[PDB]
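Everything on this sheet refers to the single structure shown next.
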Amino acid sequence: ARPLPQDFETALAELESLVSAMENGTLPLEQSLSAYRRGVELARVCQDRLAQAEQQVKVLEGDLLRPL
Amino acid sequence: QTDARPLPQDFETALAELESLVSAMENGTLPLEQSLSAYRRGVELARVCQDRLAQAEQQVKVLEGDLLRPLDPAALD
């Protein structure tokens, strides 16, 4: 099975692309279930990367204010 | 007083500028007036970052919802 991207931008781009394929009404039942499993994994990667980024900004905000 | 240079509106550049202000603040060489100017720029920069993250998070949540929609059978009572 295909390796799963771990960076936000690639994961997001595959997720968008999986969604369109899902909505164009041409994926057989079985491919639709694969696309679903795949997209859950991709969305999880996107959210993990965003949580990391949120945390990094918070830490920077704290660091900015600390000297004041 | 206020830093009048245009404000980045993209996550990467705002984050990068934010890191440089933090570096400048935690060098202590900053007189008070410049610290406060650096702080306000800082808050504006962090706000761009937090806005873009919030939007990306919402975009991902919408995409998740769109993925699940075609797998919904017709509603029962």
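Ligands are numbered from 1 in the order shown, residues from 1 within each chain, and chains are lettered A, B, ... in the order they appear in the structure tokens.
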
* Excluding same-chain residues fewer than 6 positions from residue 25 in chain A, what lies within 12 Å of it counting only C-alpha atoms, as a count of residues only? -> 6

* To do: Using only C-alpha atoms, select each residue of chain B with any atom at most 9 Å away from an atom of chain A, and give the selection as a ChimeraX atom specification.
  => /B:15,18-19,21-23,25-26,28,35-36,38-39,42-43,46,49-50,53-54,56-57,60-61,63-64,66-71

Could you take the residues named above and write them with N, CA, C and O atoms, as a compact mmCIF listing (two decimals), in the first residue's frame?
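Saved as selection35.txt:
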```txt
# COMPACT_ATOMS: atom_id res chain seq x y z
N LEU B 15 5.50 33.99 10.61
CA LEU B 15 6.17 33.19 11.61
C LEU B 15 7.67 33.54 11.66
O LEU B 15 8.23 33.76 12.75
N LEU B 18 8.11 36.90 13.20
CA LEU B 18 7.86 36.69 14.63
C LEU B 18 9.09 36.12 15.35
O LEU B 18 9.53 36.68 16.37
N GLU B 19 9.69 35.05 14.81
CA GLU B 19 10.93 34.53 15.41
C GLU B 19 12.02 35.54 15.53
O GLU B 19 12.73 35.54 16.54
N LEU B 21 11.66 38.86 15.91
CA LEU B 21 11.31 39.77 17.01
C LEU B 21 11.59 39.13 18.35
O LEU B 21 12.03 39.81 19.30
N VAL B 22 11.33 37.83 18.46
CA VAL B 22 11.59 37.17 19.72
C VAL B 22 13.08 37.16 20.01
O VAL B 22 13.51 37.50 21.08
N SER B 23 13.87 36.81 19.01
CA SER B 23 15.30 36.97 19.08
C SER B 23 15.73 38.39 19.51
O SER B 23 16.64 38.56 20.30
N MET B 25 13.99 40.70 21.23
CA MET B 25 13.48 40.93 22.58
C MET B 25 14.32 40.26 23.63
O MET B 25 14.62 40.85 24.68
N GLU B 26 14.68 39.00 23.37
CA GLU B 26 15.46 38.24 24.33
C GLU B 26 16.96 38.44 24.10
O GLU B 26 17.76 37.57 24.42
N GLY B 28 17.83 41.77 25.06
CA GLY B 28 17.88 42.76 26.14
C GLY B 28 18.44 44.12 25.78
O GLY B 28 18.24 45.10 26.52
N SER B 35 11.19 47.99 22.52
CA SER B 35 10.59 46.74 23.01
C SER B 35 9.08 46.75 22.81
O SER B 35 8.51 45.76 22.39
N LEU B 36 8.44 47.87 23.14
CA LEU B 36 7.00 47.95 23.08
C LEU B 36 6.51 47.92 21.62
O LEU B 36 5.51 47.29 21.30
N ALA B 38 8.26 46.40 19.16
CA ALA B 38 8.50 45.01 18.82
C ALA B 38 7.39 44.12 19.39
O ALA B 38 6.97 43.17 18.73
N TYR B 39 6.90 44.43 20.58
CA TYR B 39 5.84 43.63 21.14
C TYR B 39 4.52 43.71 20.33
O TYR B 39 3.89 42.68 20.08
N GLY B 42 4.77 42.06 17.17
CA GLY B 42 4.77 40.66 17.55
C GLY B 42 3.39 40.09 17.65
O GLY B 42 3.12 39.05 17.07
N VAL B 43 2.52 40.79 18.37
CA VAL B 43 1.12 40.41 18.58
C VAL B 43 0.32 40.40 17.26
O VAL B 43 -0.52 39.50 17.02
N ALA B 46 1.62 37.25 15.39
CA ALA B 46 1.08 36.04 15.97
C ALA B 46 -0.39 35.86 15.60
O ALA B 46 -0.86 34.74 15.35
N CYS B 49 -0.58 34.50 12.13
CA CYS B 49 -0.34 33.06 12.20
C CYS B 49 -1.55 32.30 12.72
O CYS B 49 -1.96 31.34 12.10
N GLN B 50 -2.12 32.74 13.85
CA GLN B 50 -3.26 32.07 14.47
C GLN B 50 -4.51 32.10 13.57
O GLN B 50 -5.31 31.14 13.55
N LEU B 53 -3.81 29.39 10.73
CA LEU B 53 -3.97 28.06 11.31
C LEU B 53 -5.45 27.72 11.52
O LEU B 53 -5.91 26.68 11.04
N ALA B 54 -6.19 28.61 12.19
CA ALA B 54 -7.64 28.44 12.35
C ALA B 54 -8.35 28.16 11.03
O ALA B 54 -9.21 27.29 10.98
N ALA B 56 -7.01 26.93 8.12
CA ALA B 56 -6.54 25.66 7.65
C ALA B 56 -7.24 24.54 8.42
O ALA B 56 -7.68 23.57 7.84
N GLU B 57 -7.35 24.68 9.73
CA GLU B 57 -8.06 23.69 10.52
C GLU B 57 -9.52 23.53 10.11
O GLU B 57 -10.03 22.44 10.10
N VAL B 60 -9.66 21.69 6.74
CA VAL B 60 -9.48 20.26 6.96
C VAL B 60 -10.77 19.62 7.50
O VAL B 60 -11.13 18.53 7.06
N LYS B 61 -11.48 20.30 8.41
CA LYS B 61 -12.71 19.75 9.00
C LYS B 61 -13.79 19.64 7.95
O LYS B 61 -14.44 18.62 7.88
N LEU B 63 -13.22 19.25 4.69
CA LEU B 63 -12.78 18.15 3.84
C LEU B 63 -13.10 16.79 4.45
O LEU B 63 -13.53 15.88 3.74
N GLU B 64 -12.95 16.66 5.77
CA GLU B 64 -13.34 15.42 6.46
C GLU B 64 -14.82 15.13 6.28
O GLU B 64 -15.21 14.01 5.97
N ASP B 66 -16.78 16.27 3.94
CA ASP B 66 -17.05 15.95 2.53
C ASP B 66 -16.70 14.50 2.17
O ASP B 66 -17.22 13.96 1.19
N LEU B 67 -15.78 13.91 2.92
CA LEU B 67 -15.30 12.59 2.66
C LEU B 67 -16.35 11.58 3.13
O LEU B 67 -16.49 10.49 2.56
N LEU B 68 -17.08 11.96 4.17
CA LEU B 68 -17.99 11.07 4.87
C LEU B 68 -19.40 11.13 4.27
O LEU B 68 -20.11 10.14 4.31
N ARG B 69 -19.76 12.28 3.70
CA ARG B 69 -21.06 12.53 3.11
C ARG B 69 -21.52 11.43 2.11
O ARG B 69 -22.58 10.85 2.28
N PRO B 70 -20.71 11.12 1.09
CA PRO B 70 -21.12 10.10 0.13
C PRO B 70 -21.23 8.72 0.73
O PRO B 70 -21.67 7.79 0.04
N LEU B 71 -20.81 8.54 1.98
CA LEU B 71 -20.90 7.21 2.59
C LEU B 71 -22.09 7.09 3.52
O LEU B 71 -22.31 6.03 4.06
```

* Mind the document's chain letters and residue numbers, and return as number ranges by chain the residues of range 10-76 of chain B that DSSP labels helix (DSSP H, G or I). => B: 11-25, 32-71

How would the residues just chosen look if you wrote them out with C-alpha atoms as a PDB file, in the first residue's frame?
```pdb
ATOM      1  CA  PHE B  11       1.803  32.065   7.766  1.00  0.00           C
ATOM      2  CA  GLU B  12       5.458  31.374   6.802  1.00  0.00           C
ATOM      3  CA  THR B  13       6.662  34.947   6.525  1.00  0.00           C
ATOM      4  CA  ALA B  14       4.727  36.055   9.594  1.00  0.00           C
ATOM      5  CA  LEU B  15       6.172  33.185  11.610  1.00  0.00           C
ATOM      6  CA  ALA B  16       9.698  33.956  10.355  1.00  0.00           C
ATOM      7  CA  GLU B  17       9.319  37.644  11.259  1.00  0.00           C
ATOM      8  CA  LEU B  18       7.858  36.690  14.629  1.00  0.00           C
ATOM      9  CA  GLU B  19      10.926  34.526  15.411  1.00  0.00           C
ATOM     10  CA  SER B  20      13.204  37.474  14.609  1.00  0.00           C
ATOM     11  CA  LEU B  21      11.308  39.766  17.006  1.00  0.00           C
ATOM     12  CA  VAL B  22      11.587  37.165  19.724  1.00  0.00           C
ATOM     13  CA  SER B  23      15.302  36.972  19.083  1.00  0.00           C
ATOM     14  CA  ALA B  24      15.481  40.792  19.324  1.00  0.00           C
ATOM     15  CA  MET B  25      13.481  40.930  22.577  1.00  0.00           C
ATOM     16  CA  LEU B  32      11.794  50.347  26.276  1.00  0.00           C
ATOM     17  CA  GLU B  33      10.125  52.198  23.385  1.00  0.00           C
ATOM     18  CA  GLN B  34      11.563  49.737  20.849  1.00  0.00           C
ATOM     19  CA  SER B  35      10.593  46.742  23.005  1.00  0.00           C
ATOM     20  CA  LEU B  36       6.997  47.948  23.077  1.00  0.00           C
ATOM     21  CA  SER B  37       7.024  48.512  19.312  1.00  0.00           C
ATOM     22  CA  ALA B  38       8.499  45.009  18.823  1.00  0.00           C
ATOM     23  CA  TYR B  39       5.839  43.631  21.145  1.00  0.00           C
ATOM     24  CA  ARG B  40       2.887  45.161  19.210  1.00  0.00           C
ATOM     25  CA  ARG B  41       4.303  44.027  15.855  1.00  0.00           C
ATOM     26  CA  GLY B  42       4.772  40.662  17.552  1.00  0.00           C
ATOM     27  CA  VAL B  43       1.116  40.411  18.576  1.00  0.00           C
ATOM     28  CA  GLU B  44      -0.031  41.417  15.057  1.00  0.00           C
ATOM     29  CA  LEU B  45       2.260  38.716  13.606  1.00  0.00           C
ATOM     30  CA  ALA B  46       1.081  36.042  15.965  1.00  0.00           C
ATOM     31  CA  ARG B  47      -2.498  36.999  15.114  1.00  0.00           C
ATOM     32  CA  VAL B  48      -1.841  36.458  11.373  1.00  0.00           C
ATOM     33  CA  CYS B  49      -0.339  33.062  12.204  1.00  0.00           C
ATOM     34  CA  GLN B  50      -3.256  32.067  14.473  1.00  0.00           C
ATOM     35  CA  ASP B  51      -5.786  33.241  11.870  1.00  0.00           C
ATOM     36  CA  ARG B  52      -4.216  31.145   9.100  1.00  0.00           C
ATOM     37  CA  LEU B  53      -3.968  28.061  11.311  1.00  0.00           C
ATOM     38  CA  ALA B  54      -7.636  28.436  12.352  1.00  0.00           C
ATOM     39  CA  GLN B  55      -8.629  28.662   8.667  1.00  0.00           C
ATOM     40  CA  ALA B  56      -6.536  25.661   7.650  1.00  0.00           C
ATOM     41  CA  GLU B  57      -8.056  23.691  10.523  1.00  0.00           C
ATOM     42  CA  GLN B  58     -11.562  24.592   9.356  1.00  0.00           C
ATOM     43  CA  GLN B  59     -10.664  23.700   5.741  1.00  0.00           C
ATOM     44  CA  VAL B  60      -9.480  20.256   6.960  1.00  0.00           C
ATOM     45  CA  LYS B  61     -12.710  19.753   9.001  1.00  0.00           C
ATOM     46  CA  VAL B  62     -14.838  20.626   5.959  1.00  0.00           C
ATOM     47  CA  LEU B  63     -12.776  18.146   3.840  1.00  0.00           C
ATOM     48  CA  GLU B  64     -13.335  15.416   6.456  1.00  0.00           C
ATOM     49  CA  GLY B  65     -17.079  16.076   6.338  1.00  0.00           C
ATOM     50  CA  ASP B  66     -17.046  15.949   2.533  1.00  0.00           C
ATOM     51  CA  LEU B  67     -15.305  12.585   2.660  1.00  0.00           C
ATOM     52  CA  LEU B  68     -17.991  11.070   4.866  1.00  0.00           C
ATOM     53  CA  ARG B  69     -21.056  12.528   3.108  1.00  0.00           C
ATOM     54  CA  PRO B  70     -21.124  10.103   0.127  1.00  0.00           C
ATOM     55  CA  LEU B  71     -20.904   7.212   2.586  1.00  0.00           C
TER      56      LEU B  71
END
```

* Asked: To one decimal place, how far is CA of residue 38 in chain A from CA of residue 72 in chain B in Å?
  ->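 According to the coordinates, CA of residue 38 in chain A and CA of residue 72 in chain B are separated by 17.3 Å.
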
* Between CA of residue 48 in chain A and CA of residue 9 in chain A - distance in Å to one decimal ->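 Atom-to-atom, CA of residue 9 in chain A and CA of residue 48 in chain A are spaced 12.4 Å apart.
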